[PDB]
Amino acid sequence: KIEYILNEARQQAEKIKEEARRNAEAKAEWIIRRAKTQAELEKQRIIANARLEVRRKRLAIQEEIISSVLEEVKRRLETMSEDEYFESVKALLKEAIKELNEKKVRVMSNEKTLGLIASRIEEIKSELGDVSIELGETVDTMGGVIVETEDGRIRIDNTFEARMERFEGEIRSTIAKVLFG
């Protein structure tokens, strides 16, 4: 009847529903595989993230080597040398006046370090050529002679300032052409 039309037309629907069912998956299929390669792109970035972590560690493990070694010459800067500091002060002065090249100087230090200078001035002036030295600072940093000319310029062997602080960088250049490469 007119029912017969409906039956055959809904039967068509059945077979229509099919291809579109069939196709509709062959769709999600491809993407499944496409996301496959997509996620392999991800991995690479995972290996990049790992490389970036390689650094975080390296430098941390690098700064550690300096920090302990600074504190090591800090411990070796500390009171382990007694009367060898006077003949270190002596030495430093001989090393400082030399580069500066002047008859006039003034070595500031810690009060007494700056006052211990007033001792063997003739054994100090004896080391290298003769010169003149007068006055110094007291409330200054400790363990080192801070040479100051009676002219414009002044070189610092004061404390760590140009000593251990200089070494910080000295070591750094070494430790980086090695660690970093």
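About the thresholds
Residues numbered from 1 in each chain as written, not as in the entry; some residues may be left out. Heavy atoms only, no water. Residues with missing side-chain atoms left out of burial classes, pairs and counts. Helix = DSSP H or I, 4+ residues; strand = E, 2+ residues; numbered from the N terminus. Rg over C-alpha atoms; globule rule 2.2 N^0.38 Å. Contact = heavy atoms within 4.5 Å.

By the method listed in its record, X-ray crystallography, this PDB entry was determined to a resolution of 3.65 Å.

Here we look at the overall build of the protein
Counting secondary structure elements, the protein contains 5 helices and 4 strands. Taken from the N to the C terminus, the helices and strands of the protein come in the order α-α-β-β-α-α-β-β-α. Relative to the compact-globule value of 16 Å for 181 residues, the protein shows a C-alpha radius of gyration of 39 Å, a clear excess of over 25%. Structurally, the protein occupies a C-alpha span of about 135 × 35 × 30 Å along its principal axes. Of all intrachain contacts in the protein linking residues separated by at least 6 positions in sequence, the fraction that spans at least 24 positions is 67%.

Describing the environment of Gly144
Tracing the backbone through its elements, the reader meets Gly144 in the loop between β3 (132-133) and β4 (146-147). Distance from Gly144 to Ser109, taken between C-alpha atoms, is 6.0 Å for residues 35 residues apart in sequence. Discounting residues that sit within four places of it in the chain, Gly144 has contacts with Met108, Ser109, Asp157, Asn158 and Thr159.

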